[PDB]
Structures are given as structure tokens and as C-alpha cells.
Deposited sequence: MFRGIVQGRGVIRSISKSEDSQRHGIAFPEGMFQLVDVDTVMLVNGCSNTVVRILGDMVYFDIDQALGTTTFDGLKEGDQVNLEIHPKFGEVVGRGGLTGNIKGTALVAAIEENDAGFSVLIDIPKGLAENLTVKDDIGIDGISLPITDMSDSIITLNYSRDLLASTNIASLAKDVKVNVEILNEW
């Protein structure tokens, strides 16, 4: 099982799209490409993907089975991704959700996400949830909008700098 603790972030460098899937070539951060190889199953934005090819710090994943309930087909070259290598999150993304709002501040970012009933209707505060590979506790909830707090230090190792109103994220429902 995964911790939902992002070890570092990669940058999508290449994306070859074909009729069935898309081959994403992700440039990994120093130290992470040495910990994986072909057949390695890891978490990219919290989604279980299998390394299909690797050369230096360029890691490739064929993204297909996940294309329909994930955010991958909407990412482009240059985008940052959260990365986690195995040793809680299973890596099976339930679906996609949008950032309803986001309030930055000294401490960190209070991000509001509108969770559709299609993903889960039985959410309670204090529960954990995975957003793009980051496991966080639901600090607050009102109907379908949940509130999660992001520590500012995350900007150094995660993709969170891309969160804005209406930005789509991978959601994994826990427990």
C-alpha cells in the first residue's frame, strides 16, 4: 500500500497519443528514477501506473485503462505530477473532481473541492481522502464541498502549485 505522501514531483516531457492510449514520458526528480524500472507499479497523481520504459531520468507510462476516470488526457507537456513509489492509498482512482475554490495564505492553502455524489455521498469531516496522490483529512464539509488544508512546504515537492478554480484532480475515496 501507498502512504499518499508525495516523495517528489516530475515534469511531463513528452506525450504521444494514439487511438487507444497515450505514452507519457515523465522526467523524474534526482533520486527517484534509480528506484524504479520497467514493470514498477507506482503512483502518478495517485494513480497506479506501470513503468513501460525507462531511459536515464525519463520514465514512460502507457496510459489507457485510466484515461476515462482520470485527469491524464488533459495534462500537457510541462505539467508537474506527484510521484510515489511503494514501500493509505491503493492507487485506484475513483474518479475526477474539480477545485471549487482555493484560498492561499501564509500557513498554506485552504482548497475547497466539490465532490460529486458519483464519487461518494457518505463523506464525514475528519475522514481521509486522496487528491492527486496526497492523502489529506477533510477539515470541513458542507453538502458536496469539502475543505482540505495544504501545508505551504508542499510547493517544494508536489504539483499543488497548479491548483486553481475548476482545476481537475484525481480523487481516491478511502475507508
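- Missing from the model, relative to the deposited sequence, are the ranges 88-96, 185-186.
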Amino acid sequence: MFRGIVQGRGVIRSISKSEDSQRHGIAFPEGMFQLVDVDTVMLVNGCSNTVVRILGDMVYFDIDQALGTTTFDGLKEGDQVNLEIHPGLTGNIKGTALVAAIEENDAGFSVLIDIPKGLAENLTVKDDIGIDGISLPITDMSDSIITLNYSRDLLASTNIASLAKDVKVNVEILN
From here on, numbers count along this sequence of modelled residues.
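- The PDB entry reports B-factors from which the mean C-alpha value can be compared for 33-41 and 112-120; the larger average falls on 112-120.
- Of the two segments, 16-24 and 155-163, the one listed with the higher mean B-factor is 16-24 (C-alpha atoms only).
- The maximum CA B-factor among the listed residues 64, 57, 132, 143, taken from the PDB record, is found at 143.
- Residue 50 sits in the middle third of its chain by CA B factor, as recorded in the PDB entry.
- When the CA B factors of the chain's modelled residues are split into thirds, the value for residue 97 lands in the lowest one.
- For residue 80, the recorded CA B-factor ranks within the middle third of the chain. Only modelled residues enter the ranking.
- Residue-level temperature factors show residue 171 in the middle third of its chain, judged at the C-alpha atom.
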